[PDB]
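Survey of secondary and tertiary structure
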There are 2 protein chains.
Amino acid sequence: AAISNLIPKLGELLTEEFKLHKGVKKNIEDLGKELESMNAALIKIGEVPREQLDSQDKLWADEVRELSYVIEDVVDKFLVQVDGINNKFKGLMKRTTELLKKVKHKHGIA
Amino acid sequence: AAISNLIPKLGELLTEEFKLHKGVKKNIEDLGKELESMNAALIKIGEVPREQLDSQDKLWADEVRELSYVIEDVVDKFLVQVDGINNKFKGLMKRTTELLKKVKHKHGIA
C-alpha cells in the first residue's frame, strides 16, 4: 500500500551506493597506479650517490617533505569521512518487516 | 629516498578504499534483497480489499508510516556522508610527481 515513501527513499540509498561503489573502484585503480609509480621513482632516487646531492636537491627534498605533510592532512580528511560511512537502520528495517508480516498474516497472505 | 612518510600514508588510504569498496558491495547486495522483499510484501498488502481493513490495520499503517519517516532521516544521514566521500589531492600529487621527475632528470635517471 502507498502508505509511505519508504521504497523510493531506499531506492535512492541503493542508487548512491551503486555510484559510490563504482567511484571507489576507480579511485582504487588510479591510486594503485600512482602509488606504484611514485614508489618506483623514490627507489631510483634512493640510489643516487649522496656525494651527488647538492643545494638544489636539498631544496627539492624539503619541498617534497612539505608536500607530503599537506597530502597527509588531506588524506586524513578522507580517512575520517570513510569512518562515518548502522545499528539504528537495521533495527528500524527489522521492525518494519515484522509489521508487514503481521499485516499479511492478518489478511491470509503468505 | 626516505625523505617522508608519503608512501605509507597513501598505502593507508588505498587500504581503507579497498575495505570501503568491499563493504559497500555487501551493503548493495543486502539492500537490494531487503528492498525487493519489502516491495513484494507491499504489493500483496496493496491487494487486500479495503473492506477488510479495520482498526488494527489503521494502527499498523500509521506505525509503518512513522517508521518510514525515521528511516528516511537515517538514510539522509548516509546520503549526506556519501556526499563528502578531490581537487586539492590531485594538485598536490601532480606537483609531487613533477618534483620527483626533476630530481630524476638532475641525476641522469629515466
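In what follows, the structure referred to is the one given above.
Residues numbered from 1 in each chain as written, not as in the entry; some residues may be left out. Chains lettered and ligands numbered in written order. Heavy atoms only, no water.

1. Section: the interface of chain B and chain A
Rule in force here: Note on contacts: a residue pair is in contact if any heavy atoms of the two residues lie within 4.5 Å. In short, buried area is how much 1.4 Å probe accessible area vanishes from two parts on joining, totalled over both. What makes a salt bridge here is a side-chain nitrogen of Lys or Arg within 4 Å of a carboxyl oxygen of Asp or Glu, nothing more.
Tallying the contact residues gives 74 residues for chain B and 74 residues for chain A. For the pairing of chain B and chain A, the buried interface totals around 7900 Å² over both sides, and the portion due to carbon and sulfur atoms is 81%. It is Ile 3, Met 38 and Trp 60 of chain B that lose the most area in chain B upon contact with chain A, and together they represent 8% of the buried surface on that side. There are 6 salt bridges connecting chain B and chain A. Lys 106 of chain A is the salt-bridge partner of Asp 54 of chain B, the closest N and O atoms lying 2.7 Å from each other.

2. Some points on the packing of helix 3 (residues 87–106) of chain A against helix 2 (residues 55–84) of chain B
Test applied: Axes, fitted as lines to C-alpha atoms, cover a helix only where it is in contact. Angles between the N-to-C directions of the axes lie from 0 to 180 degrees. Secondary structure counts use DSSP, requiring at least four H or I residues in a row for a helix and at least two E residues in a row for a strand, with both numbered from the N terminus. For classification purposes, an angle smaller than 35 degrees is called roughly parallel, one larger than 145 roughly antiparallel, one from 65 to 115 roughly perpendicular, and anything else oblique. Handedness of a crossing follows from how the near helix is turned relative to the far one, being left-handed for an anticlockwise turn of less than a right angle and right-handed for a clockwise one. Charged means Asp, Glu, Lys or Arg here, nonpolar means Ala, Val, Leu, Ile, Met, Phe, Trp, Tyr, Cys or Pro, and polar covers whatever is left, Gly included.
Two elements in contact, helix 3 of chain A and helix 2 of chain B, have axes separated by 10 Å at closest approach and are oriented at 155°. Our classification of the angle between helix 3 of chain A and helix 2 of chain B gives roughly antiparallel. Viewed along their axes, helix 3 of chain A and helix 2 of chain B form a crossing whose handedness is left-handed. Taking contact as the criterion, the partners of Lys 88, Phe 89, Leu 92, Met 93, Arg 95, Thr 96, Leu 99, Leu 100, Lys 102, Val 103 and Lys 106 of chain A in helix 3 of chain A are, on helix 2 of chain B, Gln 56, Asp 57, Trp 60, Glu 63, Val 64, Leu 67, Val 70, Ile 71, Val 74, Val 75 and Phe 78 of chain B. When its residues are assigned to classes, the contact of helix 3 of chain A with helix 2 of chain B shows 14 nonpolar, 2 polar and 6 charged.

3. Re the relation of the copies chain B and chain A
Applied cut-off: Here the copies share a frame obtained from least-squares fitting of C-alpha atoms.
Superposing chain B onto chain A takes a rotation of 180° combined with a translation of 0.0 Å along the rotation axis, leaving an RMSD of 0.0 Å. Each copy turns onto its partner about a two-fold axis. Judged by C-alpha distance, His 21 of chain B is the residue of chain B that lies nearest the rotation axis, at 2.8 Å. When the interface residues of chain B are mapped onto chain A, 100% of them again lie at the interface, so the same face is used by both copies.

4. Observations regarding the packing of aromatic side chains
Here is the rule we go by: Any pair of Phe, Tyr and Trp rings, taking the six-membered ring for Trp, is counted once the centres come within 6.5 Å. Such a pair is stacked with planes under 30 degrees apart, edge-to-face with planes over 60 apart, and tilted for the rest. Only protein chains enter the accessibility calculation, which uses a 1.4 Å probe; a residue whose area is less than 20% of its type maximum is buried, one above 50% is exposed, and one in between is partly exposed.
For the structure shown, the criterion picks out 2 aromatic pairs over all chains. Between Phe 78 of chain A and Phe 89 of chain B, the aromatic rings sit 6.0 Å apart at their centres with planes inclined by 65°, giving edge-to-face as the arrangement. Of this pair, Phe 78 of chain A sits in helix 2 (residues 55–84) while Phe 89 of chain B sits in helix 3 (residues 87–106), placing the two residues on different chains. Judged by relative accessible area, which is 9%, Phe 89 of chain B ranks as buried.

5. A short note on the nonpolar core
Stated precisely, the cut-off is as follows: To define a nonpolar core, start from buried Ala, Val, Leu, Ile, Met, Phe, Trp, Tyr and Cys residues and group those joined through side-chain atoms within 4.5 Å.
Judged by nonpolar contacts, the single largest core of 55 residues is most densely connected at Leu 10, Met 38, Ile 71 and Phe 89 of chain A together with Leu 10, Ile 71 and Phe 89 of chain B. Secondary structure elements with two or more residues in this core: helix 1 (6–45), helix 2 and helix 3 of chain A together with helix 1 (6–45), helix 2 and helix 3 of chain B. If you tally residues by element for this core, the top one is helix 1 of chain B, at 14 residues. Contact partners of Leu 10 of chain A, with chain neighbours within four places excluded, come to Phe 89 and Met 93 of chain A together with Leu 31, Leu 35, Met 38, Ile 71 and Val 75 of chain B.

6. Focus: the packing of helix 1 of chain A against helix 2 of chain B
Taken N-terminus to C-terminus, the directions of helix 1 of chain A and helix 2 of chain B make an angle of 20°; their axes are 10 Å apart at the nearest point. In terms of axis orientation, helix 1 of chain A runs roughly parallel to helix 2 of chain B. Here helix 1 of chain A runs over helix 2 of chain B; the crossing is left-handed. Residue-level contacts link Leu 6, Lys 9, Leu 10, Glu 12, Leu 13, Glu 16 and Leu 20 of chain A of helix 1 of chain A to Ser 68, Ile 71, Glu 72, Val 75, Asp 76, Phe 78, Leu 79 and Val 82 of chain B of helix 2 of chain B. Its residues assigned to classes, the contact of helix 1 of chain A with helix 2 of chain B shows 9 nonpolar, 1 polar and 5 charged.

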